[PDB]
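Chemist:
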Ligand code: CLA
Ligand code: CLA
Ligand code: CLA
Ligand code: CLA
Ligand SMILES: CC1=C(C/C=C(\C)CCC[C@H](C)CCC[C@H](C)CCCC(C)C)C(=O)c2ccccc2C1=O
Ligand code: SF4
Ligand code: SF4
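Residue numbers (the authors' numbering), protein chains in the order written: chain L, 54 to 210; chain H, 53 to 140; chain A, 16 to 758; chain C, 2 to 81; chain J, 1 to 42; chain F, 78 to 231; chain D, 69 to 211.
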């Protein structure tokens with residue numbers, strides 16, 4: 054008995070199957086992250102990714118920024134997080150402009166790990182990525198606003 | 053088989069390892085909320101102009117209207133000027 | 016199957032005929048030189064035995080005799096050391112006032128004014144102060160008169176003769192057989208019990224009979240000439256009983272198991288003896304006894320000829336799990352066939368052991384009056400650190416050599432190694448990411464602190480006074496060490512070392528010996544820098560080892576050899592793809608790591624430990640505790656460490672330390688000299704030598720041995736050799752001048 | 002792709018073809034030299050530019066010449 | 001014997017003997033005539 | 078004197094360097110006993126220092142404002158012992174070395190393996206050629222006039 | 069006249085557990101290569117990408133990412149073992165292109181059906197100076 058097996062039974066594809074790669078917990082959890090929901094409108098997946106990251110980014114900027122000890126304005130350091138979301142929404146935007154063209158189809162795989170044919174994820178399409186950037190921006194600024202909305206009764210505010 | 057000149061996506065491993073392909077877990081109403089309020093942001097060209105100009109004007113506002121209580125560069129020197137090694 | 020002595024008679028005749036034939040060992044080199052490159056190859060392949068022949072037996076016999084020659088040279092070196100201690104030294108004067116006399120064992124001749132280097136070292140002696148620490152060793156062993164050092168030098172000369180003769184004997188006369196070398200079980204048994212066990216027992220026997228009594232008399236202030244000779248403690252046991260009473264019994268508690276009586280001279284008190292500053296000699300003798308027993312037992316694990324015992328093959332094969340397949344099966348055949356594999360393992364372990372020695376000897380001074388000879392301690396630490404680093408780089412080199420030359424899955428397979436090769440990509444990518452993360456999260460903090468201190472924002476730095484990054488784990492560990500005596504160590508009277516236990520500051524002769532070492536944000540940053548540099552060195556060396564055979568760029572790299580320049584300008588460029596060049600770069604990075612390590616050591620000891628103690632207990636360190644605030648900044652390391660402590664070496668002219676002032680600049684010179692080789696390539700130099708050869712041939716004075724610029728590999732070898740020599744010698748001169756002046 | 006050329010100084014020892022790691026060189030019949038054969042480079046699209054062929058040419062000066070030209074995926078030695 | 005003399009004629013050994021004799025000579029010259037920035041005998 | 082320099086016998090800084098150097102050695106001497114070996118060593122260094130300074134001042138060495146002997150290599154006949162005379166001595170020795178080595182390379186260039194006698198020295202041939210450099214300016218000059226020193230058309 | 073063997077899929081592949089040096093997205097969208105050989109028995113052979121594999125008895129098919137990996141493995145198949153080998157190129161469309169041995173004869177052995185490509189009929193030092201090809205798309209060696 055052995056634990057490490059070739060990637061999907063093919064030894065000549067550059068990868069391996071390990072508990073980190075191929076495991077029911079890892080496979081399910083990654084299959085349930087919004088970036089891997091290959092049948093959902095990319096606008097909504099962008100909303101979730103934007104909400105999670107915009108919410109997370111507020112913490113470090115507020116607690117480590119220059120105005121951190123000047124409590125008069127340190128709570129407004131979420132603006133820096135919001136500015137990074139703006140910058141990242143530009144990085145996301147300019148990425149799709151160069152990667153996918155208007156009439157180009159999806160570059161995502163049109164297969165399944167079991168061989169059956171599949172409908173490619175619309176995220177690797179020009180309009181799909183545009184919806185994801187718009188969703189990430191909307192959820193991003195919403196995540197920063199909602200994170201700054203909370204401030205009190207926390208051990209590290 | 054693993055080598056099939058017909059389908060090279062299966063031959064070269066062009067698979068979706070962690071794609072779910074399941075229907076949406078996001079219920080309705082909520083999705084329509086985001087699909088109508090995040091609608092104008094999904095034009096990548098318009099979003100690019102909106103981000104650059106909007107972000108640049110936001111940066112210009114908070115920089116032009118800065119405060120001496122927040123930035124030492126605007127507060128300026130509060131002490132009398134020093135004296136150079138020989139000159140002023 | 017039966018371990019026994021096996022040799023051949025007269026395999027190689029003793030004659031000078033092959034002396035007169037340069038390059039006799041190689042078949043291409045023996046034809047003589049057509050160009051000058053020959054001259055270099057003769058020295059590069061001088062010790063590459065497994066490339067001179069393919070017979071493992073010849074190789075093993077050559078290696079055996081080379082070991083004997085090395086032992087002869089080491090014994091000659093020790094003979095020189097003891098003889099200089101006897102003939103040109105002030106050891107008898109240092110023995111009466113060890114706290115004021117400077118140890119010296121070299122006196123220069125007066126020819127061109129170099130007699131200025133014969134500086135006033137005390138005891139009416141003009142010489143060169145030594146930092147090797149032989150005085151402390153000779154005092155700990157109990158040596159008093161120059162006659163005993165003379166006799167030790169003569170014995171070392173005789174032993175050098177014996178080793179040289181044995182080297183000649185086991186190659187030209189009775190030369191052992193392959194199976195004899197391959198009796199690994201017997202060899203490990205004799206090295207654990209016979210070599211290490213009986214050696215520790217012999218040294219414990221000396222320490223309980225000579226070191227302890229003579230050192231008691233030295234501590235009491237008795238004049239060394241008025242001290243009884245060591246053998247007088249072996250005849251009249253009244254002398255031994257007047258110092259250690261248990262010797263009045265006569266090995267009776269040892270046989271009756273009343274060992275509790277021997278606690279007089281076999282103790283577990285720990286810490287330091289406050290009179291000498293070294294570990295309690297009774298504790299060291301008890302230690303050597305315990306080590307002797309442990310090794311004498313461990314030398315019985317492996318079976319030989321009497322059934323009982325282990326076979327390493329079975330132990331290896333039995334260790335295989337679900338992640339590693341049939342792991343360890345095949346390793347016994349690998350490690351009994353390849354010399355380079357054994358050399359890699361042993362170089363790695365011996366280098367890491369040397370580093371461990373460097374730490375343990377500073378934190379637990381073993382010899383009397385060693386802790387206060389700051390020059391000797393700093394020099395010992397730095398020297399052992401460099402030895403260990405070089406040996407580990409050599410481990411990497413020989414692992415790669417084994418990969419290229421002795422690895423073959425069709426004959427001697429191993430599952431663990433094959434599995435490692437099947438994901439070298441993942442291993443190297445993850446180590447690469449770890450190195451990037453550590454580089455940002457250690458040195459980037461230094462850049463942050465520099466930029467905050469320059470912008471007039473000392474509260475936005477990472478400091479003990481601002482954003483603190485306390486090494487809580489190491490602090491808690493040293494605290495747990497401090498509280499161990501009497502709790503998780505009831506037999507221990509004091510702490511394991513003084514750097515643990517709070518309080519208990521030991522000082523000798525007005526200078527401090529040891530005290531609790533603080534650990535703050537500076538220590539945290541420096542430890543992370545050390546981890547990062549070690550990781551990058553490991554990345555370079557291991558990536559060279561794993562990709563020695565094949566890669567996506569060159570799938571047949573093993574055919575090109577272990578040491579080859581490149582494989583052409585194609586594929587974008589293939590320079591420095593050989594494993595040899597990976598060792599070549601790992602040399603630079605090992606230097607870059609060890610240098611930061613030793614600078615950390617120097618500044619920490621001069622800031623928070625070493626110094627002068629008052630009569631009332633006021634300790635002022637060599638630098639005024641400036642480590643916490645200055646070392647958290649690159650500009651602080653430039654100013655408060657280099658610029659400040661290089662004063663002694665740039666001011667040593669006109670004194671006995673002027674030789675260090677000369678070596679400082681000479682090492683700067685050779686370091687910059689290496690940059691000509693490291694930044695250039697041999698094509699330009701060959702094109703220059705072309706015009707030079709024209710000039711020579713114009714005047715009928717061109718040599719037959721056509722001049723040729725150095726090879727690419729030789730260019731890199733010369734470059735890294737000179738770079739390392741220059742850097743290490745610069746730091747050597749700087750350290751020695753600084754610590755001998757301010758010590 | 003890199004350009005490779007064969008000059009008529011070639012003696013026909015077939016050494017450039019043996020050293021080539023991507024099968025770019027060939028040995029064609031010829032009437033100029035004693036071995037009745039000369040080299041040719043019909044598959045420079047696979048040429049990587051290692052100049053392992055030039056390292057093996059005994060002619061003075063070389064009879065194989067590799068002029069490094071426009072880089073491609075094949076000439077850069079990329080497996081990705 | 002002839003092979004031993006041929007070894008003594010090799011480049012490093014001949015260089016050491018030659019440079020040792022040269023080093024000793026210059027040392028004795030600077031021992032009987034130390035310092036000397038000039039040619040004083042005119 | 079020349080270039081504004083003053084002879085070292087006249088310079089006060091030159092004599093002050095000799096004083097301070099000797100007094101510095103004497104300061105090291107007081108630490109040791111009069112019969113000691115370091116004492117005789119320091120006394121010998123003091124006598125060697127006096128001899129050095131006296132010799133420099135006696136042979137007409139010029140001193141600067143720093144009290145250190147400056148050398149004049151313009152060719153002024155008052156100071157030929159500072160460069161031109163030792164330089165002619167060097168050129169005699171250098172030509173000797175080059176001429177003997179050249180004679181050796183010419184003698185072995187017709188050997189079966191000329192490289193053999195370049196990595197294993199033919200000491201008998203060398204010992205017979207080392208004394209031809211004694212007359213190297215003559216043997217070289219004649220080879221210059223007879224066309225034997227330079228290889229034709231190279 | 070020579071006829072290249074067509075690539076037969078479903079041909080056995082050597083026994084191998086898998087390594088990280090295998091195919092990547094280049095094989096999916098750009099190209100990849102396939103080497104085939106016969107072999108007499110089951111043996112162990114070092115892989116040009118990773119560790120060791122078990123060469124199956126009878127026809128063997130092995131897909132690699134680069135052409136140089138194929139020729140390197142083939143050369144070792146011809147040296148250590150005594151095995152003939154061919155290899156092809158495979159585009160993402162499914163098309164196959166025969167590569168080596170082109171003529172069915174090894175390239176180091178002269179074959180009469182071969183034509184000259186890039187063969188200059190002069191000494192290498194008889195090329196022209198670069199000024200004589202300036203402002204033209206020529207090189208002194210293309211001629
Ligand atoms: C401190 C560093 C250093 C040093 C010392 C040199 C020195 C030299 N370079 Mg160099 N260079 C350097 C850095 C350095 N370079 C760097 C970083 C680069 C960029 C890659 C270059 C690129 C470069 C080029 C392109 C060229 C040189 C050339 C030269 C030589 C010029 C000739 C000369 O001046 O006579 C000698 C000067 C010396 C300093 C020699 C000092 C050493 C003496 C001989 C020591 C005596 C030996 C003594 C007995 C010690 C015993 C050693 C024992 C172990 C045996 C010279 C030896 C040119 C050349 O080749 O000249 C023809 C040449 O074209 N250099
Ligand atoms: C109790 C037995 C014994 C002892 C004391 C030693 C000791 C030593 N062995 Mg050894 N060995 C032994 C048994 C022993 N061996 C057996 C049974 C085998 C397998 C057959 C080997 C095979 C072996 C190999 C292959 C090598 C060694 C080497 C060494 C040296 C390692 C370097 C060192 O530690 O420096 C420390 C120096 C000392 C401790 C000085 C003491 C040396 C004494 C005088 C030697 C006495 C031990 C000797 C075996 C007795 C026989 C000699 C007698 C006939 C005259 C060392 C001196 C290495 C070597 O050759 O080094 C030259 C090495 O390559 N051993
Ligand atoms: C017990 C330790 C040990 C042993 C037995 C060996 C043995 C061997 N090594 Mg190795 N190595 C070691 C440690 C060791 N190494 C360490 C610690 C390193 C890290 C630096 C290396 C890195 C290394 C490399 C990169 C290579 C080897 C190679 C070799 C093989 C050929 C050695 C040779 O002939 O070189 C000849 C020795 C010389 C030409 C002398 C060179 C002069 C040195 C480098 C500078 C001298 C400076 C000196 C210390 C101080 C200055 C004095 C000066 C001013 C006079 C040989 C079997 C070579 C090989 O081909 O592998 C098969 C190879 O390329 N080793
Ligand atoms: C001072 C010169 C220098 C510097 C800065 C580096 C830096 C580095 N080396 Mg290198 N190296 C050097 C000299 C240097 N080396 C020399 C002379 C040699 C020849 C022996 C080598 C040989 C060598 C090898 C063989 C390897 C490296 C590797 C690395 C990288 C390790 C990963 C890391 O630490 O990430 C962190 C990055 C840094 C520490 C650089 C400073 C980053 C600052 C603090 C952050 C500033 C960011 C800022 C926002 C920039 C934006 C400004 C914008 C306006 C432009 C690293 C970037 C290893 C590697 O590839 O990585 C795994 C590796 O394999 N080096
Ligand atoms: C300078 C340099 C050289 C030239 C270096 C050379 C030629 C070293 C050899 C010089 C020594 C001094 C020649 C040996 C002289 C003999 C010992 C004979 C001398 C006679 C007596 C004085 C002993 C390279 O060959 C080279 C190659 C690759 C990368 C960089 C470089 C590089 O930088
Ligand atoms: S450079 Fe290399 S790949 Fe190109 S033709 Fe020459 S040998 Fe073949
Ligand atoms: S290596 Fe040179 S001489 Fe030999 S066949 Fe090729 S082109 Fe001709």
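We put the beta carbon where it would ideally sit given N, CA and C, even for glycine.
Can you tell me which residues fall inside 5 angstroms of ligand 5, judged by beta-carbon distance to its nearest heavy atom, and keep chain order?
Modeler: Cβ-based neighbours of ligand 5 within the cut-off: A:691, A:692, A:695, A:697, A:700, A:724, A:725, A:730.
Chemist: Look at the Cβ atom of residue 186 of chain A, then the Cβ atom of residue 76 of chain A, and state whether they are nearer than 8 angstroms.
Modeler: Taking 8 angstroms as the Cβ cut-off, residue 186 of chain A and residue 76 of chain A qualify as a contacting pair.
Chemist: Heavy atom of ligand 2 less than 7 angstroms from the Cβ of residue 23 of chain A, yes or no?
Modeler: Result no, Cβ not under 7 angstroms from ligand 2.
Chemist: Check whether the Cβ of residue 3 of chain C sits closer than 7 angstroms to any heavy atom of ligand 6, and report yes or no.
Modeler: Flag set: Cβ of residue 3 of chain C near ligand 6.
Chemist: Could you name the residues, in chain order, whose CB is less than 7 angstroms away from a heavy atom belonging to ligand 4?
Modeler: So the residues near ligand 4 by this Cβ test are A:447, A:450, A:451, A:453, A:454, A:455, A:458, A:459, A:462, A:547, A:551, A:554, A:555, A:600, A:603, A:604.
Chemist: Does DSSP put residue 78 of chain F in a helix, a strand or coil?
Modeler: Residue 78 of chain F falls in the coil class under three-state DSSP.
Chemist: In chain D, which residues lie with their C-beta within 9 angstroms of the C-beta of residue 168 of chain L?
Modeler: Neighbours of residue 168 of chain L on chain D: none; closest Cβ ~15 angstroms, over 9 angstroms.
Chemist: How about residue 123 of chain A: is its C-beta nearer than 8 angstroms to some C-beta of chain J?
Modeler: Residue 123 of chain A does not count as touching chain J.
Chemist: Just jot down, in chain order, the residues whose CB lies closer than 6 angstroms to any heavy atom of ligand 2.
Modeler: Going by the Cβ distance cut-off, the answer is A:79, A:82, A:83, A:86, A:195, A:196, A:198, A:201, A:202, A:205, A:209, A:210.
Chemist: Can you name the residues of chain J whose CB is closer than 9 angstroms to the CB of residue 159 of chain F?
Modeler: Those are 37, 38, 39, listed as they occur along chain J.
Chemist: Show which residues of chain D have a CB atom less than 9 angstroms away from the CB atom of residue 441 of chain A.
Modeler: In chain order: 88.
Chemist: I'd like the span of the alpha helix (DSSP H) that includes residue 330 of chain A, first residue to last.
Modeler: First-last of the alpha helix (DSSP H) with residue 330 of chain A: 327–332.
Chemist: Got a sec: is the Cβ-Cβ distance from residue 83 of chain L to anything in chain D below 8 angstroms?
Modeler: It does not: the Cβ of residue 83 of chain L has no partner Cβ on chain D nearer than 8 angstroms.
Chemist: Quick check on residue 13 of chain C - is its C-beta less than 8 angstroms from some C-beta in chain A?
Modeler: By this cut-off, residue 13 of chain C is not an interface position.
Chemist: Would you check if the distance between the CB atom of residue 554 of chain A and the CB atom of residue 739 of chain A is smaller than 8 angstroms?
Modeler: It is not a contact, given that the beta carbons lie outside the stated cut-off.
Chemist: If contact means a Cβ-Cβ distance below 7 angstroms, which residues of the region 13–29 of chain C contact chain D?
Modeler: Listed by position along the chain: 15, 18, 19, 22, 23, 24, 26, 27, 28, 29.
Chemist: Does ligand 7 have even one heavy atom less than 7 angstroms from the beta-carbon of residue 16 of chain C?
Modeler: Yes; taking the cut-off as 7 angstroms, the Cβ of residue 16 of chain C has a heavy atom of ligand 7 nearer than that.
Chemist: Check this for me: beta carbons of residue 119 of chain D and residue 440 of chain A, under 8 angstroms apart or not?
Modeler: No, the Cβ-Cβ distance between residue 119 of chain D and residue 440 of chain A is not below 8 angstroms.
Chemist: Find the residues of chain A that neighbour residue 55 of chain L, judging by a C-beta separation of less than 7 angstroms, and give them in chain order.
Modeler: 337, 340, listed in chain order.
Chemist: Less than 7 angstroms between C-beta atoms, sequence neighbours within five positions excluded: which residues of the same chain meet that for residue 255 of chain A?
Modeler: Counting only Cβ-Cβ distances below 7 angstroms, and skipping sequence neighbours, we find 228, 248, 262.
Chemist: So with Cβ pairs under 8 angstroms, would you call residue 65 of chain H a contact of chain D?
Modeler: So yes, residue 65 of chain H belongs to the interface.
Chemist: Name the chain F residues whose beta carbon is nearer than 9 angstroms to that of residue 720 of chain A?
Modeler: The contacting residues are 191, 192, 195, 196.
Chemist: Would you mind sorting residue 144 of chain L into buried or exposed? The rule is 16 or more other CB atoms within 10 Å of its CB.
Modeler: So residue 144 of chain L ends up on the exposed side.
Chemist: Kindly list, in the order they appear in chain L, the residues whose Cβ is closer than 8 angstroms to that of residue 84 of chain D.
Modeler: Those are 59, 64, 65, listed as they occur along chain L.
Chemist: Quick one: list the residues of chain D neighbouring residue 55 of chain H, beta-carbon separation under 8 angstroms, in chain order.
Modeler: Neighbours of residue 55 of chain H on chain D, chain order: 77, 78, 79, 81, 102, 129, 131.
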